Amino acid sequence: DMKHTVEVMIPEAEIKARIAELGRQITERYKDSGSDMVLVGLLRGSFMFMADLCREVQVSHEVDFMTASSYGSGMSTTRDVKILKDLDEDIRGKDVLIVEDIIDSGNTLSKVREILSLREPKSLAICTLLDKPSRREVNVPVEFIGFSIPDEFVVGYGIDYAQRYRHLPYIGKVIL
């Protein structure tokens, strides 16, 4: 809780345009699979990205969600990744696309991929809106990236700052 301002990093229109492209790419990849497809969102951060993204995915798919253990940025480095809420549906034999808002360290996401892989989906890929590779701690396969971004603390579009700013239609950055 410290005095700050929020500057725009990615305007609403740019996000919309990029997600349209992501949609085309994801559609092109999975259109001929013939197996069931499901987009899996990591709550809470990816709810907005999921809503906009799945509307641009022109393939019959299911939408499902998952809540993994959060903790701080410092305790997440030393604590187990736990399932606070598992999927509602099966993914065995299905094309699964994990929908993430932002990959910073990539710790939690890495563990989540491992967990879902045990369920033997036909395929398992990740789509993140934002990637901050300067902050990457764990090597993790990421098939779709909306934006590779600077080393900034970002907010908006589902992403929060102490539970604040999730409803912003753009990606902003916190300036102390």
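So that the term is clear: the rigid core is the largest set of C-alpha atoms that superpose within 1.5 Å between two forms. From 1 onward, residues are counted along the sequence shown.
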{"property": "Between 30-38 and 62-70, larger RMS Cα displacement in 5 other deposited structures of this protein after core fit", "result": "62-70"}
{"property": "No coordinates for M75 in a third or more of the other PDB entries", "result": "yes"}
{"property": "Higher-scoring stretch by recorded Cα B factor average, 23-31 or 132-140", "result": "132-140"}
{"property": "Stretch with the greater mean C-alpha B-factor as recorded in the entry, comparing 49-57 against 32-40", "result": "32-40"}
{"property": "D151 - which third its CA temperature factor falls in, relative to the rest of the chain", "result": "highest"}
{"property": "CA B-factor ranking of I15, expressed as a third of its chain", "result": "lowest"}
{"property": "Third assignment of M75 from its chain's C-alpha B-factors", "result": "highest"}
{"property": "Ranked C-alpha temperature factor of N107 among modelled chain residues, by third", "result": "highest"}
{"property": "Third assignment of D101 from its chain's C-alpha B-factors", "result": "middle"}
